[PDB]
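> Give me a model of this one.
(chains A, B and C, ligands or ions: 5)
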Amino acid sequence: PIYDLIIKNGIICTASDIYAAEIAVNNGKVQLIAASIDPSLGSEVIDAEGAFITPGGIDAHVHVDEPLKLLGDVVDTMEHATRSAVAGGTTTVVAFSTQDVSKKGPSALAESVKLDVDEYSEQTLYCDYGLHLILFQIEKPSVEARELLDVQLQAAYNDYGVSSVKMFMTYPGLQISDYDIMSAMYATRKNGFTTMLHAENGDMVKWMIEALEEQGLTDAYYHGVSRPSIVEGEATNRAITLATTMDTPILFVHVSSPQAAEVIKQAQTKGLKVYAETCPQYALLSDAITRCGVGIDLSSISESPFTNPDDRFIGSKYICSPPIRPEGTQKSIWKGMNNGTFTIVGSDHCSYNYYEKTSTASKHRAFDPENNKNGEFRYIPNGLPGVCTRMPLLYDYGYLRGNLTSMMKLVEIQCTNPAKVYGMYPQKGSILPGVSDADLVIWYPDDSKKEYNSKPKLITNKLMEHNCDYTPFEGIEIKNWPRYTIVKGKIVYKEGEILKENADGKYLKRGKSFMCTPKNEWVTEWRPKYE
Amino acid sequence: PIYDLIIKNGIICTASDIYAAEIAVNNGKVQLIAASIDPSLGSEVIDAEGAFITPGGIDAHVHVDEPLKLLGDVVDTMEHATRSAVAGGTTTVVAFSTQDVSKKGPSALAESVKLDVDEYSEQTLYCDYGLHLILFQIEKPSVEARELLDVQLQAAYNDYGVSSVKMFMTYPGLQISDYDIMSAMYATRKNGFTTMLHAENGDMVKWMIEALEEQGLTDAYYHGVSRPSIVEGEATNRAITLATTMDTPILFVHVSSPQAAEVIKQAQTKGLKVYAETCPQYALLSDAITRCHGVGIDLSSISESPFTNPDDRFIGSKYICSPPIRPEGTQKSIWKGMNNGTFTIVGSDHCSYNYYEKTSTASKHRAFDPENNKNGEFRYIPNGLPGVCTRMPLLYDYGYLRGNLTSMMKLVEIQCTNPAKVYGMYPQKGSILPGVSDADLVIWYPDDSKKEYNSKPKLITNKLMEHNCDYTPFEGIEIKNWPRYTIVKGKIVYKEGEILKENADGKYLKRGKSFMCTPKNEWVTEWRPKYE
Amino acid sequence: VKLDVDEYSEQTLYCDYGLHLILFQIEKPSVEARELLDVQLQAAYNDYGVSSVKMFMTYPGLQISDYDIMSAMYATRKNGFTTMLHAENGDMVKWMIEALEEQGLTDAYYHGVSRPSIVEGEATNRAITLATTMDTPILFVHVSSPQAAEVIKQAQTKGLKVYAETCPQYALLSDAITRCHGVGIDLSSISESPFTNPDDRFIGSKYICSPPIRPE
Ligand SMILES: [Zn+2]
Ligand SMILES: [Zn+2]
Ligand SMILES: [Zn+2]
Ligand SMILES: [Zn+2]
Ligand SMILES: [Zn+2]
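Numbers count the residues shown, from 1 in each chain, chains lettered A, B, ... in the order given. Ligands and ions are numbered 1, 2, ... in the order given. See below for the structure:
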């Protein structure tokens, strides 16, 4: 035969089309779309049985255990995260490279990337992965700062194809001043890098945590209270102003505040290059889960404060940043996903155990009496596992339950826009013959009366195929799951089973995004020297 | 001879993708997309030479000469308009069926459509056409009338596949009350019809025209003055409020006011099903062209205008349309809306009247009729511009090449794919889907080439338009790309300046219900329609 | 005006009173009718010191077209009159009442349902647009809709001469008082209401006004 793989009787969904057609795959790539393909022409034939075929999901916000241990010890290696990704229909993940301050000179940031790539090259990878760079130490004064940083960015791009930079406006040790952000924007704009911001006002968070602790308000629920939506709103507004002054395209990660969505929308309406990412948990969960159809029925989730009232620390399972918001906020997230405010959807995947209390990668790391830590929300490692559930949750609660307008919108935000915004397009994100890596998901049929013993009814930890001991969505009904996950032409997941022999993931060098070229629009007559 | 046509070496553009690949066509349809296709497998092979291949354009706002003569006599028949469309890369047009008030009962609206279908059936059609229905007579009161109107829409859909209804909030004889619009929305929502509105406050326009004439301010330029953008803003806002109360998806046609774009954006942000169409002339022209003495067209480069011909005081009539072409500084807001999602689609509002013959019922000089107490006042000037041909090339050049649109993908989205989806022609039309798409395709000229193409036009001329009109508003302007091939249902109907009439085989198009026009199921109060 | 002044002149008056003029019949077309209407306002001012005119965008027999309002605004601006509008979309109200009655939804509570705040919002917006084109100061009477208050605030921020009046009942009462069982009054403390008298199905009529008392 001339093709490795033929997918028959399925319905292709892209970011702009839904139609019945067939796909031939060969040499790791999509080779052909036609009405019908002779099954004798392929080595293997998949009958999709009327089900949707989507491109593979691309999750550009995944945190894995890394050598510098910026987020302390995380339970998932790149092996575990990619295994979990694939079991949930995600076929490319992008994690984070931490700036190593012990390195200096022109190669300092390339060297930081090198630590991760070398660490993961020894692991079994189930799909491809790329890396963002995290920046938290910027040299001063500005004119030097912006100029040696330019040579460093070039080096990280040229050596390793890193084309995105992540910065924080919160967290002690990560938070940077506006002055430093401007210096970074100067460098990133010049190099066509994708600039990413975590926008929460760090000073406000800090002051409010101290005020709460002073009153002894330290339980998990007070994490949300310490940082209301207005704080994310202000920081996003400030970040947009900085972006505008610097004419730099900007992406906001894990947006969860209505105020932030408002200012983001205003900028987009003006035509400024402001992009945003949200996460399923911000659409599906409310802060009531932290103590005791549009959203998840919270009472159906198992092993939570509702089911286990005696366990006072179980709210830590749902502690993340920014926090899961109070009731009534979640509808504005779906609206933003539909109306164009959220360009992409990521998971903010960050895993810590709950059912073992002793390891450096536990939530119970918050209890360290000898280190003056007694379980206060401050000391709870922030994050939820979400890389596996991201796609199914959107399929079900988004498409099937009517909260997203169509499958085309689902594909756009989960697959195609992540590729475009992070320089993996067109290799990744669509179904383009002779161009696309054959990264594909075949779902189960929706209107069928046929029985599929392998199709899960509920989300369980075992289904996640990860290294964590819990999932926040444990016990909830899920109405579809990937039936096949195809990565670079090969079936790596089939009907509940991971096929390890077919794991062949590699580090991905990325290009410059075409979405992140500058508008060439300025507030004043000032222009950067290089213009 | 497995395939009728193979397009090689081209770059496929869709609403969501741009990539180099090749296309096989057979039996009027796209058959295959692959990296490379053996040229011996096709009867005819086209070498695209690195140029973009786009789906054919779909222009869902075209006015053709029709038997009831609602807009008086128009110069273009369906033959002429489809010929012109095809020369400009448009491969599907949707015109308008006028409600015939002489016909009564359940079949009254189907019978109105039948008048047009029968008339055009005798003409040579260069591409497919569909029809919208125009409604201006609604029976009163509301409840008592609901049974028949609903029954009438069903019959227009069942017999002829008409699934869109057009209404006016301005013009004497077309304007309808809010009460009647609600009655229509009740019927259209129930039938999943696409509901279209021309939103200008008719009472304000009427009052201000009378005020201007009373002062003797009657020249063509005062057409714009009679209806400033705030009038279009008010009516749009009112129509949104009606659609919200009625939970009815709504499309606004030819939008040109910033205030209208604003209220439209706010509704969309809220998640309401509000769609909008704009036209090239609102992005490219300003009202200075309506009298003498970078984002758009250099107005001084247009030939046969008030600038070039100051003596001819009536020449402003060439650029008179509804809503009017707006003052300088408005046009940026149009592009912005095209990029930021406010404008779902782009149409031409094609409506053709001669300027260089003064005698005929289809002239602009119809405004001069001393006997009928008409003396050239803007009031009496027939409204409209020819635009079906230049719509696609103008967007390609001024939109994509000149940077006013973000990408070729956005161009295809608004010009081709969204019009198909919103008017129930999807997936048959609007994209490049193997085994599914009618092979309606445009091959452009290459952009970065030093090669010379003697057939590629440098300027827009009237001859280039291949229409029945004696003028085009964009005469004399530089155009930086043009369709090199227009393929309609697998056949080359236009190649390098030439129309191939032997390959003309256009048909009336029955349309489905749009998937974008299902209701949100969101209400302002506890009230629900009886049928819910 | 003379009809009212003469009628009240015979009564005992405990304080002073003035009069607004209510307009519901405007001559058409606008240009032809101008000198008379301007001449008529002058006479009402000169003879009786009436300097304010009230118009309705709702109610059968009172509702007037936008065309007619512009005619009036032309005359009022020229004469420095205070121009007052009752802003509800009359066509929407009419259509929705007929819709509710066809379902048999006729109880006093459905008065509010027949005319939700978005109807007052639309009409106010339309009236402001008319005022703007006519450069005529405008006052909105008995405003009770958030949407109307929003568009009124935007106009004032722009510096347009848009004024507004509200009423205590719109601050103090919610439409739960219009049918049988905060910053306003404890509704359970009101006597002889649907709450105290559930048997009396018509007692909601005590709180029926226009625009209606709004939801909580
Ligand atoms: Zn973060
Ligand atoms: Zn993160
Ligand atoms: Zn129109
Ligand atoms: Zn039109
Ligand atoms: Zn009143």
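> C-alpha from now on. contacts and neighbour counts both.
Fine.
> what about whichever residue of the stretch 351-500 of chain A sits closest to chain C, neighbour count?
Nearest to chain C in the stretch 351-500 of chain A, going by C-alpha to the nearest C-alpha, is residue A:403, at a distance of 24.7 Å. Residues near residue A:403, counting by other C-alpha atoms under 10 Å in any protein chain shown, number 22.
> how close does whichever residue of the stretch 401-531 of chain A sits closest to chain C get to residue A:330?
Using C-alpha to the nearest C-alpha, the single residue of the stretch 401-531 of chain A nearest to chain C is residue A:523, 23.8 Å away. Note on residue A:523: its distance to residue A:330, by C-alpha to C-alpha, to the nearest Å, is 35 Å.
> Repeat that for residue A:60.
22 Å.
> can you check residue A:211 too?
Noted for residue A:211: a distance of 28 Å to residue A:330, by C-alpha to C-alpha.
> between these two, who's got more neighbours?
Of the pair residue A:211 and residue A:330, residue A:330 is the one with more neighbours under other C-alpha under 10 Å, namely 23 against 13.
> isn't the more buried one right up against residue A:282?
Yes: counting by C-alpha atoms under 8 Å, residue A:330 touches residue A:282, with 6.2 Å between them.
> Helices along the stretch 51-200 of chain A, start to end?
Ranges of helices in the stretch 51-200 of chain A, per DSSP state H, counting those that start in this stretch, are A:78-87, A:108-120, A:142-160, A:178-190.
> Quickly list what residue A:252 is bridged to.
Residues in a beta bridge with residue A:252, per DSSP bridges, are residue A:197, residue A:276.
> What's the separation between it and residue A:181?
Residue A:252 sits 14 Å away from residue A:181, going by C-alpha to C-alpha.
> Based on its surroundings, how many neighbours for the nearest residue to residue A:263 once chain neighbours are set aside?
Taking C-alpha to C-alpha, 6 or more residues apart in numbering or on different chains, and ignoring the residues beside it in sequence, residue A:263 has residue A:237 as its nearest neighbour in space, at 6.2 Å. The local packing of residue A:237 (other C-alpha under 10 Å) involves 20 other residues.
> List the contacts of residue A:237.
Shown here is residue A:237, whose contacts under the criterion C-alpha atoms under 8 Å, 6 or more residues apart in numbering or on different chains are A:260, A:263, A:264.
> Just say helix, strand or coil for the first one.
Going back to what we said before, that points to residue A:260. For residue A:260, the assignment made with DSSP: H, G, I helix; E, B strand; the rest coil gives helix.
> Tell me the spacing between it and residue B:254.
Going from residue A:260 to residue B:254 by C-alpha to C-alpha gives 33 Å.
> before we move on, what about residue A:462?
55 Å.
> What is the longest strand of chain A by residue count?
strand A:90-98 (DSSP state E).
> Run me through the strand neighbours of that one, direction for each.
Counting by DSSP bridges, strand A:90-98 is paired with strand A:57-59 (parallel), strand A:128-134 (parallel).
> Surely residue A:274 and residue A:253 touch.
No: contact criterion C-alpha under 8 Å: residue A:274 and residue A:253 do not qualify, at 11.2 Å.
> neighbour-wise, which of these two wins?
residue A:274 (27 against 24).
> which residues does the more buried one contact?
A:240, A:249, A:250, A:251, A:252, A:264, A:267, A:268.
> mind listing the strands for the stretch 401-531 of chain A?
Using DSSP state E, counting those that start in this stretch, the strands of the stretch 401-531 of chain A run over residues A:440-443, A:482-487, A:490-494, A:497-498.
> Rebuild the ones you listed as JSON lines, extending it with mean neighbour count and distance to chain B.
Listed next are these as JSON lines, based on neighbours: other C-alpha atoms under 10 Å in any protein chain shown; distance: least, C-alpha to the nearest C-alpha, whole Å:
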{"stretch": "strand A:440-443", "mean neighbour count": "27", "distance to chain B": "17"}
{"stretch": "strand A:482-487", "mean neighbour count": "27", "distance to chain B": "20"}
{"stretch": "strand A:490-494", "mean neighbour count": "22", "distance to chain B": "20"}
{"stretch": "strand A:497-498", "mean neighbour count": "17", "distance to chain B": "31"}
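> Any idea how many residues pack against the spatially closest residue to residue A:172 that is not a sequence neighbour?
Excluding the flanking residues, the one nearest residue A:172 by C-alpha to C-alpha, 6+ apart is residue A:202, at 8.0 Å. Other residues within reach of residue A:202, judged by other C-alpha under 10 Å, total 22.
> cool, and residue A:173?
Residue A:173 has 10 neighbours, counted by other C-alpha under 10 Å.
> how near is the residue lying closest to it once chain neighbours are set aside to chain C?
Leaving aside its chain neighbours, residue A:173 sits nearest to residue A:136 (7.3 Å; criterion: C-alpha to C-alpha, 6+ apart). According to C-alpha to the nearest C-alpha, to the nearest Å, residue A:136 stands 43 Å off from chain C.
> What of residue A:237?
22 Å.
> Nearest spatial neighbour of the residue of the stretch 401-531 of chain A closest to chain C, chain-adjacent residues omitted?
In space, residue A:523 is closest to residue A:245, 6.0 Å off (C-alpha to C-alpha, 6+ apart).
> How about the residues of the stretch 1-150 of chain A by chain B?
Residues of the stretch 1-150 of chain A found near chain B (C-alpha under 8 Å from any C-alpha of the partner chain) are A:14, A:15, A:16, A:17, A:19, A:20, A:21, A:31, A:32, A:33, A:34, A:35.
> same thing but at 10 Å, please
A:12, A:14-22, A:24, A:30-36 (C-alpha under 10 Å from any C-alpha of the partner chain).
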